[PDB]
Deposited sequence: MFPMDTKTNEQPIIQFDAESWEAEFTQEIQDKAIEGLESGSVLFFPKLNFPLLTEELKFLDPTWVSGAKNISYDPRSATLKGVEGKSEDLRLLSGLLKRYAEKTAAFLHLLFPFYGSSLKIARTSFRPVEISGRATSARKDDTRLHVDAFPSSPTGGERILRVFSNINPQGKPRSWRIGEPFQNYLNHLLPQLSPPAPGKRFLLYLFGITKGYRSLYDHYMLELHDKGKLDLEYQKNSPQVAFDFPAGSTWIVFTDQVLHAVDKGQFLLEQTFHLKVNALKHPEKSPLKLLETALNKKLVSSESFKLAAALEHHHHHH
């Protein structure tokens, strides 16, 4: 069931336990939770930001923990306004997630907010960075140590244009398809990436294999073409929630997206065995993050 639809229309909506159970079971099973009527309105004074010329380099990014705006230049008043837009998205998504997922409690750790004003269809990068190819999230400069990547997305296009995604097959099937292509890292290489500041932190073995899955999957052209996948247009004014380290996804077109990343430790999950970390540790019969807590 790749997409599970929900009725909630408000960022401060309260949920029944039945809907909370439906959401957490679907999320952890690798479904996209879809809120077609959950719009994120903009203040009149923020409308000017619906313009790709605000990107100065990296996407526009905001750290709610440090209240720091990055990736955009301009006068202080405009940076204040844009900071306020992304801070409000951080606040609304964080409140929504605490209303929907009380099982996670205080284990949800907010990370960076992003605003994406560039039209997807006019982009072209390397095959590795190509976001029209199905992948899970794995970033070579930013290892996770096994922690989950949970993202909330809102399509805020003002001309009613949808955001066109494709959603692929379950993570376990993707892992199994690419398992013959995986290889261990070269000895000492991850240590040098850490010493030289290429990675922010140490790239665990989990992060190494997630990166190999990401990259080799994008380069597997037959898999990109023929593997099971559904094409879905997220309407303007909708919101969706997804473990993007688990749900295979790609984006084909669209413009103007708000996004909020959260991190969640594996042991806070209702079904930790469904996480990419545990599935990889099972497949390779190996501990993949050395800092892992030990259970007696």
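Asker: Going from the first residue of the deposited sequence to the last, where are the unmodelled runs?
Answerer: Since the structure holds only modelled residues, the stretches it omits are 1-10, 68, 308-318.
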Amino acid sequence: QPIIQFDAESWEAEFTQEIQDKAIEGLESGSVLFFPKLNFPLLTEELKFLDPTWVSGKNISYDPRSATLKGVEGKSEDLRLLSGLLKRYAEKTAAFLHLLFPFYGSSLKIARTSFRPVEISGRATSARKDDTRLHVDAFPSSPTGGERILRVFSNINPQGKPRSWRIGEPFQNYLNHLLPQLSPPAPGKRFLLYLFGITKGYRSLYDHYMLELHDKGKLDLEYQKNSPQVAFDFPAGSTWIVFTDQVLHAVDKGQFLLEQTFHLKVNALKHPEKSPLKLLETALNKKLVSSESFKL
From here on, numbers count along this sequence of modelled residues.
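Asker: Relative to the other PDB entries of this protein in the set, is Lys58 coordinate-less in at least a third?
Answerer: Yes, a third or more of the compared structures omit it.
Asker: For the higher mean C-alpha B factor in the entry, choose 73-81 or 215-223.
Answerer: Comparing 73-81 with 215-223, the higher mean C-alpha B-factor belongs to 73-81.
Asker: Averaging C-alpha B-factors over each stretch, which comes out higher, 187-195 or 95-103?
Answerer: Averaging CA B-factors over each stretch, the winner is 187-195.
Asker: Please work out which residue in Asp137, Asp207, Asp131, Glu169 has the highest C-alpha B-factor recorded for this crystal structure.
Answerer: Max CA B-factor in the entry, restricted to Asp137, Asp207, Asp131, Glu169: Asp131.
Asker: By the entry's C-alpha temperature factors, tell me which of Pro228, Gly26, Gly237, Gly254 sits highest.
Answerer: The listed residue with the largest C-alpha B-factor is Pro228.
Asker: Looking at the C-alpha B-factor of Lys58, is it in the lowest, middle or highest third of its chain?
Answerer: It falls in the top third of the chain.
Asker: For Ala124, does the deposited CA B-factor place it in the lowest, middle or highest third of the chain?
Answerer: Highest third of the chain for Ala124's C-alpha B-factor.
Asker: Using the B-factor values recorded in the entry, state whether the Cα atom of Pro158 falls in the lowest, middle or highest third among the modelled residues of its chain.
Answerer: Ranked within chain, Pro158 CA B lands in the middle tercile.
Asker: Split into thirds by Cα B-factor across the chain's modelled residues, where does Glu45 land: lowest, middle or highest?
Answerer: As the PDB entry reports it, the C-alpha B-factor of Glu45 lands in the highest third of its chain.
Asker: Sorting by Cα B-factor within the chain, modelled residues only, which third would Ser10 end up in: lowest, middle or highest?
Answerer: It belongs to the lowest third of the chain when residues are ordered by C-alpha B-factor.
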